[PDB]
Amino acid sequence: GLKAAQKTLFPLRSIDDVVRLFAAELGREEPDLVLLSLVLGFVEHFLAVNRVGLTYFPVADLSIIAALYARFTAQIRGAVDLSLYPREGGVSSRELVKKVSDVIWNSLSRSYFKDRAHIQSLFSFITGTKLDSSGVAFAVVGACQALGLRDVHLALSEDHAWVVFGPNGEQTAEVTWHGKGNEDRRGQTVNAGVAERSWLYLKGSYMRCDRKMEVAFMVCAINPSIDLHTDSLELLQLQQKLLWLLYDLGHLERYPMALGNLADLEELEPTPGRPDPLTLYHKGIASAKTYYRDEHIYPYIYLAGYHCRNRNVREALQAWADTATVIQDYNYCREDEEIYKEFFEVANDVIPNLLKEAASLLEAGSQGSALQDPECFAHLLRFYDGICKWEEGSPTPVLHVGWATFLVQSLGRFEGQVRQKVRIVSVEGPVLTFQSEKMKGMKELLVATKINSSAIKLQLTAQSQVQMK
């Protein structure tokens, strides 16, 4: 499988030698996904899993990498007989895709913890017979490239992975599992999930990778974690350098989450002469607006998290309001629980702890406080509005009374004189228009000096009665 020109950089003796290999592969007609994943997995294993004996960098010798490569290509070519699945037109068939998915599936250990770190790469698949959920999808695409199936590509939402293939690349197939205790759909299209307007399938506004974006995925999949307290500096540096190489070649243009990841890495350790983290977070949002109909949630959660860490309360609230403005046009469905958890934590933990500190700082005489800024109160209201609108039409409810005490407490962090300055207008000063029926009914409770806690709870939830006695 490996061509002479792919071998000349070995041995890889440094981070920068790995970067050179990626640059060389990205300059070829198609970068070799199997080679590149094996190399990343090898160095991650010796930098994060087992650092015994490490003195600088785990040298990657050609003999070792080539033998791993051979183990993979042998196991795919032996198990998938292409003659059984004739290809017209440089297009693969659904049966062929399912066969490759079965080969990868059936290779995995019978029982293992699927949520472990460092089981994402082909190095893990060969040496441990273990892959995580999205790692199975990647492995299917790398197997298909090894078989010459140029039309098979990785598809990505914000929480799941599958493949596209076939005439004009228009077919979809499930090739891995999603979540825990969901029923397998391997072999099926993603059309039911698109049609139901779930977050999981992004209303069809998901990423369809080319081979360069598949390289970007494996780079984002690097896991620098050594343990709960400690990251590998070496792997952070490697990931950051590889993402800049991809950025410079144009291959992050259509990958919002990769742009957020790079921004996070720049915040941790800035690269001289590169854009600031904010610039990169805003490029991620621009990418989602340009290529994905502004239907992605995480570009705004990346931005909000940066503002939250920097105790920019105003801009954090604005970014979470913008997050909610995206979610409002989805239906909350059965496998969307990750984004539910993201909204729950923001509403019921992160915002409360931000406003509590702001309240203490205001007591100590801070000026320009978010708590005295009616535009900040309007952002809080717009955040709840989008969550309430999300719930409308959904097959499963979102809000419950466990949300209501936090809402009442957060509203209460703003004095009545501040809250009074927002004008809520119906379809001077801040003006806000509510989309959700729940918030429209809430409007007259929002300006009293002391909020009517009980009334708020009734309005936010399905509860319509108070206690009998």
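All residue numbers refer to positions in the sequence shown, first residue = 1.
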{"item": "Count class of deposited residues lacking coordinates, residue 427 to residue 428", "value": "4 to 9"}
{"item": "177 to 185 versus 302 to 310 - greater average Cα B-factor per the deposited record", "value": "177 to 185"}
{"item": "88 to 96 versus 351 to 359 - greater average Cα B-factor per the deposited record", "value": "88 to 96"}
{"item": "Identity of residue with top Cα B-factor, from 171, 198, 121, 106", "value": "106"}
{"item": "Top residue by Cα temperature factor, when 70, 38, 47, 418 are compared in the entry", "value": "70"}
{"item": "Modelled-residue ranking by C-alpha temperature factor, third containing residue 406", "value": "middle"}
{"item": "Ranked against its chain, the third holding the CA B-factor of residue 251", "value": "middle"}
{"item": "Assigned third (lowest, middle, highest) for the C-alpha B factor of residue 346", "value": "lowest"}
{"item": "Ranked against its chain, the third holding the CA B-factor of residue 160", "value": "lowest"}
{"item": "Residue 65 CA temperature factor, ranked by third within the chain", "value": "middle"}
